[PDB]
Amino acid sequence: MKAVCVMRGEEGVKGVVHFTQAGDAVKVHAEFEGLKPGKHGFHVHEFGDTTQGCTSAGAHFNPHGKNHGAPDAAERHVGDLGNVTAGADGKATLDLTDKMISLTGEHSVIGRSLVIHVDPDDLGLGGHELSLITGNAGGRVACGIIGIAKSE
């Protein structure tokens, strides 16, 4: 099973993100250009709604109502995929394996949204009231809808 998400928002920011269901895990391959050098929070938000740009994407996909956290943490949202690190040339690549999200079933992220943020995801540890909620990653630089892709 395969998924793709093309991400857009602020001028110059471009992102493509491939997903591949591999048994009980999903492999994620994401690339970006046009980012500010440094770390950017990267999440699956709940809605595939772009009627209000990235704003209508809602909050972090959290079907279990748990606290925000790191991809590798005990407590986290299904949609918590950490930070994307933008290099000096404003470009980033991120590969990961996540057994939280799915391309099928109740954890499916099909038809939901990917959002990349202005600031870093403090991963629930920032000591800010937003930390266990959004990771305090600030505003939404680009977002996109997760659509079914050709499962070759």
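Start at 1 and count along the sequence shown; that's the residue number.
Give the stretch, out of 127 to 135 and 14 to 22, with the larger mean C-alpha temperature factor in the deposited entry.
Of 14 to 22 and 127 to 135, the stretch with the higher C-alpha B-factor average is 127 to 135.
Output the stretch having the higher mean C-alpha B factor in the entry; the candidates are 88 to 96 and 61 to 69.
Here the higher of the two C-alpha B-factor means belongs to 61 to 69.
Of the choices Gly41, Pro37, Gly48, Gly53, which one's C-alpha carries the largest B-factor in the record?
The C-alpha B-factor peaks, among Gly41, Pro37, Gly48, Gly53, at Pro37.
Test of reading the entry: by CA B factor among the chain's modelled residues, which third contains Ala3?
For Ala3, whose C-alpha B-factor we compare with every modelled residue in the chain, the answer is the middle third.
Splitting the chain's C-alpha B-factors into thirds, which one does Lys27 fall into?
Ranked within chain, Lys27 CA B lands in the lowest tercile.
When the deposited Cα B-factors of this chain's modelled residues are ordered and cut into thirds, is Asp119 in the lowest, the middle or the highest one?
Answer is lowest: the recorded C-alpha B-factor places it there.
Classify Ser102 as lowest, middle or highest third according to the C-alpha B-factor given in the PDB entry, relative to its own chain.
Middle third - that is where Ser102 ends up once the chain's C-alpha B-factors are sorted.
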